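Working notes, structure below.
Quick note: numbers below take in every heavy atom, side chains included, and nothing from hydrogens, waters or symmetry partners. Just follow the structure's listing: the first ligand is 1, and inside any ligand the first atom is 1. Positions are given from 1, in the same order as the sequence printed here.
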Amino acid sequence: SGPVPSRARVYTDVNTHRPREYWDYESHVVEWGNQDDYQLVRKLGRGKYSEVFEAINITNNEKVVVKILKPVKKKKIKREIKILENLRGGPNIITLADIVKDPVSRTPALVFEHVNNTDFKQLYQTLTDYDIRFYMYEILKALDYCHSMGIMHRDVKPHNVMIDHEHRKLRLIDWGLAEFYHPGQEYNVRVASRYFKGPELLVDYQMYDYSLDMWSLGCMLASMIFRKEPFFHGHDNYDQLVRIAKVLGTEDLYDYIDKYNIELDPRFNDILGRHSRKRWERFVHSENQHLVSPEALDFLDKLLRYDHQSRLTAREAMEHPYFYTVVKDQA
Ligand SMILES: CC(=O)Nc1cc(Nc2cc(NC3CC3)n3ncc(C#N)c3n2)ccc1C
């Protein structure tokens with residue numbers, strides 16, 4: 001027999017109750033702006049499917065980010081565009097300002113609001129216990145929102161979180177891997193960065209949901225409070241599961257495989273071994289202890305579970321004692 005099906009615990013049928021056009025991105029017709037409104041200033045970087053630049057909108061003198069796409073399936077472009085338009089105005093979601101195409105090259109480019117970001121590989125070592133909780137709460141506003149809107153980001157990692165520390169401003173960016181959740185749908189597990197991949201991606205369980213973003217968010221939190229980046233440091237997708245197993249133990253892993261009747265790749269049988277569930281204290285030391293508290297550890301534990309159904313929802317996470325001070329300070 002095959003795998004046991006699964007449904008999202010919350011926001012299960014949000015897309016089913018929406019008109020077809022909300023999620024049927026394949027039938028989406030793109031609204032194109034004028035390319036001459038933008039002049040590229042400098043290169044910012046690249047991705048698997050793009051080259052990103054800093055630009056100037058000459059009509060209003062505003063600073064923007066231009067994501068010029070490499071060859072990608074029109075439906076994958078429509079998907080990102082649709083999700084971005086659907087999430088517009090949502091708490092801490094990047095704003096899609098425009099969509100332009102080169103008349104000659106025929107290359108599409110997405111125009112985004114600019115975030116004056118402090119690179120995470122410099123900012124994170126300066127963050128206080130309060131800063132981590134404050135910014136963890138801001139990602140949760142973004143995740144609860146996109147989830148409530150029937151969308152999973154599927155690529156939550158430090159690189160996709162743009163923080164302007166001077167203005168305490170956070171934006172969850174790059175929605176190019178995001179999908180619409182539909183009960184019963186089997187998704188592609190070849191998503192996310194190795195270090196942030198949930199156990200469900202590693203064991204090849206396709207009927208995953210929003211809970212996948214909660215794992216990634218746990219990996220982020222673990223790296224921030226322990227100053228251990230990456231927290232689960234796999235050599236490949238097989239070793240990545242071994243790294244999680246060495247912390248969370250093999251017992252709960254085989255219980256998870258049992259529960260959903262998962263066909264495990266024979267390669268795993270000889271590498272997974274037998275490992276006990278570790279206590280979070282073994283990651284605590286004198287240079288990180290000021291960031292670790294019993295609240296942080298209780299919150300972390302409730303995120304980093306093999307069983308996606310047992311992880312906290314973004315809304316449940318926002319109610320954790322870890323955020324009591326942030327919640328009081330926002331009133
Ligand atoms: C565009 C996308 O989705 N990807 C992406 C973005 C960047 N870089 C950045 C950098 C900054 N601000 C830094 C310069 C101070 N901003 N601000 C807003 C966005 C967005 N969206 C953004 N993106 C690099 C590589 C990729 C592949």
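- In this structure, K74 places its NZ atom where only 12 or fewer heavy-atom neighbours from other residues, nucleotides or ligands lie under 6.0 Å away.
- The side-chain heavy atoms of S6 and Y205, taken from C-beta on, include a pair separated by under 4.5 Å.
- Proximity of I173 to ligand 1, defined as any heavy-atom pair under 4.0 Å, is confined to the side chain (atoms from C-beta onward).
- In terms of polar-atom proximity, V115 is counted as a contact of ligand 1, with an N or O under 3.5 Å from an N or O of the ligand.
- For the pair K228 and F231, the cation-pi test (distance below 6.0 Å, angle within 45°) is passed.
- Distances between N or O atoms of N117 and those of ligand 1 include no value under 3.5 Å.
- Residue contact check for ligand 1: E113 places a non-hydrogen atom closer than 4.0 Å to it.
- Distances from ligand 1 to the non-hydrogen atoms of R46 include at least one value under 4.0 Å.
- The distance criterion of under 3.5 Å between nitrogen or oxygen atoms is met by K67 with respect to ligand 1.
- Regarding atom 10 (C) of ligand 1, its nearest protein heavy-atom neighbour is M162 SD, 3.8 Å.
- Judged purely by distance below 3.5 Å, without hydrogens or angles, the side chains of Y135 and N92 never pair a donor atom with an acceptor atom.
- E179 and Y25 share a donor-acceptor pair across their side chains, judged by distance under 3.5 Å alone.
- Below 4.0 Å from some heavy atom of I94 lie the following atoms of ligand 1, by number and element: 18 (C), 20 (C), 21 (N).
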